[PDB]
Every structure is written in structure tokens, then in C-alpha cells.
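J.: no FASTA, just this:
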């Protein structure tokens, strides 16, 4: 069975700041394997610490650098079965943010709608970002879309939210094709409310 993987304080890290990745399972794993897919692929074996019912292991990053950015997954293991590991934790993208000008985030028809209204959030900027990333507070994986051709000055991606059900606070970021885990500064948060 797969462990959990979380970043403290969060997966979106400013350049040279710290982040700690933690693997944990209510299953008493002796060791955890933390695997990163990115510019520098690596798999680290961490010793599981037992904390009253929980087994967990940390991988601490003192200064966030692009070599540590990427998609991470954790596996739990036990020594009586050295050649087998648990199913993988859900992937967690550790990204470096705050590297470029923050984009603009707007909602159509607007940020306050009735349930069912078809809402679209648009991320835009004068910077020539190749991709935009949409983050919703409290929701795990960022959505992404390629920026639309420059419509004379502006580069933008339109994220459909579909018929409104639940509100949320959204933020967005731009990135370049050369580096999928290096993003701009966050747009100002947008609160979408649904009645």
C-alpha cells in the first residue's frame, strides 16, 4: 500500500528558500524511497521514524535550487522484503516559484456566480510565457495549459472551470518550455464564489 507525500510548508518554493518533503504511512515502514523525476533524477532511501502510530521520513531542502525541482513520489519498504516496495504515493511536483513577473488572473463572466454558470479563469501577461499553471487553494495538483498565441501584446491561457459548483481561491503562474518546474511569481489570488 502507498504512503503519503507532503511538502512543508508547501510544494511551491521560492528560489533558495527551504522546503521539507515528508513521507508518512500509518503502516510501519522501516524505510522510504523518495524518487524524483526531473532535471536531476534521483532516488533517496530515507529511514522511517516512528511517531506514535505513524511512520514518517523527511527529506529536507535548505536552499531550493533547480536541481531539486521535479516530480516526487514516495515508496515504503521493509527489510524482510528487500527487493519489493509499496505502491507509489501520489506524485508531488516541487516547483520553484517567484522567478518571473506575476501574471494576471481574471474570471468570466465574473468571480461571483450562481451554481451552474460556466466560469472560465484567464491567466495573462505581457511576458511571453509558454505555459500557465492554475492553482486552487487546498487542492493538490495544479492544472496547466499552453499560452495562447500572442494576441498582440498579451499571452494568455483560459482555464474552463465548467459549471460552477464550489468556490475556491485561485492563483496562477507562467512558465517556459525549457523549464517546467520553474514558475513566475503567483498572480494575485482570485476568490470565486458560487451560490
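T.: Thanks, I have it. Numbering: from 1, shown residues only.
J.: how about the nearest residue to residue 42 once chain neighbours are set aside, secondary structure?
T.: Closest residue in space to residue 42, ignoring its immediate chain neighbours: residue 36 at 5.2 Å, by CB to CB, 6 or more residues apart in numbering. Where C-beta positions appear, they are placed from N, C-alpha and C, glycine not excepted. Classification of residue 36 using DSSP: H, G, I helix; E, B strand; the rest coil returns strand.
J.: quick one: residue 36 and residue 21 touch, right?
T.: No: under the criterion of CB atoms under 8 Å, residue 36 makes no contact with residue 21, lying 9.3 Å away.
J.: residue ranges of each domain in this structure, please.
T.: The chain breaks down by curated CATH domains into domains covering 1-97, 98-195.
J.: list the buried residues in the one helix or strand residue 44 maps to.
T.: Applying DSSP states H and E as the criterion places residue 44 in strand 42-47. Neighbour counts over strand 42-47 (16 or more other CB atoms under 10 Å) mark residue 46 as buried.
J.: swap in stretch 117-134?
T.: In stretch 117-134, counting by 16+ other CB under 10 Å, buried: 119, 121-125, 129, 131-134.
J.: for that stretch, the distance to its chain's centre please.
T.: 17 Å (CA atoms, centre = their mean, to the nearest Å).
J.: repeat that for stretch 30-48.
T.: The answer for stretch 30-48 is 18 Å, by CA atoms, centre = their mean.
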